[PDB]
């Protein structure tokens, strides 16, 4: 049985650098995008996804960092309203860069304001893995892939790996 999923763009596709526009109205269309994005993320599988990655250039993110896959959260027009001076290093992968993992330094805590699937405004203190994931996904909406924080040498080697990835048997 086939499954209707959204295609995930791969680095270094130029469309991953497009800046997403804000969601003006959280309508039934946006709730469907949240639904299709969550299905696409769980099937990949992965723990977050930005609409940019499926070639939908609007400020929509879904995240589920839980092991049981029982903590799905949607973030529409997210805003970092406070960031910590403290930084932590974490080895990130990315659904748009399959097979590539490297350390990234980010603020270790952020507070985000966003809209939920019902257009209500909410605020969330993020720490640990969630703090990494939300910043990773929000980077995607600004056209940023995590490999852009790596050295040019490493970006060049990743680009070569991505060409291998397309020729896999």
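Residue numbers count along the first chain shown, from 1.
Mean C-alpha B-factor is higher over 72-80 than over the other stretch, the pair under comparison being 72-80 and 92-100. Averaged over their C-alpha atoms, the temperature factors of 37-45 and 107-115 are higher for 107-115. Within the selection 9, 147, 153, 23, the deposited Cα B-factor values reach their highest point at 23. Take 139, 64, 125, 55 and read off each C-alpha B-factor from the entry; 125 has the highest. Ranked by Cα temperature factor within the chain, residue 51 sits in the lowest third according to the deposited record. Among all modelled residues in this chain, the alpha-carbon of residue 129 has a temperature factor (C-alpha) in the middle third.
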